[PDB]
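J.:
In the entry's author numbering, the protein residues as written are 218 to 325.
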């Protein structure tokens, strides 16, 4: 194998802070989520539902700092309430479409 390392100095990208979790019980709720990421800086937690307003098994998490989320990525494909969760980075676009909300810069 072989590969080069060509990167640039850029500021923390939201994509990181914004991750998605697929594979949660039908009863899983804002609370249950905590149990998983209980101990890290939690800012907000988005949960997707279906027509029957039921937690199928997909949501998004937004952490203030990245150093925190980085940990969640390590808890990907873990055991949760007899259900496998899929922790993977997300894109601002998804966060919006899904039904999120953030304050750009509340100015007078």
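Just so it is clear, CB atoms sit at the ideal spot from N, CA and C, and this is done for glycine as well.
#1: Per DSSP, which one or two residues make a beta bridge with residue 261?
#2: Can you tell me whether residue 264 is buried or exposed? The criterion is at least 16 other CB atoms within 10 Å of its CB, across all chains shown.
#3: What does the Cβ neighbour count give for residue 236, buried or exposed, with the cut at 16 atoms within 10 Å?
#4: Expressed to the nearest angstrom, what Euclidean distance is found between the alpha-carbon atoms of residue 322 and residue 219?
#5: Check whether the Cβ of residue 275 lies closer than 9 Å to any Cβ atom in chain D.
T.: Quick look at the numbers:
#1: Answer is 279.
#2: buried
#3: buried
#4: 44 Å
#5: Among the protein chains of the structure shown there is no chain D, as only one such chain exists.
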